[PDB]
Each structure stands twice: as structure tokens, then as C-alpha cells.
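Encoded as C-alpha cells, the following chain is the form deposited in one PDB entry, with no partner shown.
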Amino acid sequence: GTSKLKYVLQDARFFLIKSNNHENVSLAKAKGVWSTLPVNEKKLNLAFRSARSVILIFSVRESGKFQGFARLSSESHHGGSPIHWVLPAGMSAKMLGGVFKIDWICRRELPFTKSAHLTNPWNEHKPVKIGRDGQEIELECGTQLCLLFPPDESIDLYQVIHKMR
């Protein structure tokens, strides 16, 4: 069912995350981490203190799909074990901000064709698939987008609900 999912998403904030490739999303799914450029890191840290859940919705460039969504479990931190991201040409590891711990809520994909009826007011009401890395998605659009994903029966949201407290 979808009731615990709706509870997690209640009054959440949502951010679109772009990855240059699938390798980085695979690493994020395996290790429960993400790192973004400092401009976006600042927004995510602010949002983490402001809302019960901050949701990252991932899309690999040119894939025509979203690859899942996850909830921030911490603000960003530095000085951990190096994650071997396969970074875009022109982006060094030193250019990234810190590392956010994340809990995956859905590891299933959603094709852009299924979200064509959703627009993001914070990006000029363009289709939600359209947007820059780090773009905030307004509450109602973000909630409906997350609810379109196929259910991920491998995930138990009981563990995430207790972190919201």
C-alpha cells in the first residue's frame, strides 16, 4: 500500500537531482549517499532543517526516466571515505560539496512519459522532467510525482518514519 509513503511525503520538500551517468546512481543506491555541487548543498542543508523530509528525485541525463527517490537523513559532512564517483568531464572531486546520507524510498524507475501531466510551479510550470540539478519541486507536484513511481516492495518505510521524529 501507499499510506506510509504518503506519511513520509507529508509536508516534505523535493529536489530534482541529475546524474551524468547510471554509475553514480548505482553507487548512491548501494551506499546510501549523494554529493552535489556547493550551490545545491547549501539549499539542501537549509531544507533539511526546515522540513520533516527532504526528498531527492534522481534522473540520469538522456535516460528519459527517473531512477528513484530518497530522503535526506543528515546534513552534508566532509572527511569520510572517498566515494569513487564517475564525475562529468570538467568536474573534479574537489569541486563537490560534502556527502549527504540518504535513505532510499523507491529504487524503481519512472519514465518521463508517465509524468507529462505534472508541471513544477517553481520552474515556470514546465514539465517536472525539465529542470536543472538541484531544482526544487513544489509540494503538490513533488508528491504526485513520487506517487506515480511503481511501489518498491523491497523497502520498509517503518525505519524511515522513526527518523522524522
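The first residue of the shown sequence is 1; numbering continues from there. Between two forms, the rigid core is the largest collection of C-alphas that superpose within 1.5 Å.
There is also a form deposited in another entry; it is not shown, and the following applies to it.
Core superposition between this form and the one not shown leaves every listed residue (60, 139, 118, 96) with a C-alpha shift below 2 angstroms except 96. Once the cores line up, the CA of residue 127 ends up less than 2 angstroms apart between this form and the one not shown. Relative to the superposed core, residue 38 undergoes a C-alpha shift of no less than 2 Å between this form and the one not shown. Pairwise change in that other deposited form: residue 39 and residue 120 C-alpha atoms lie farther apart than in the shown form, at least 3 Å.
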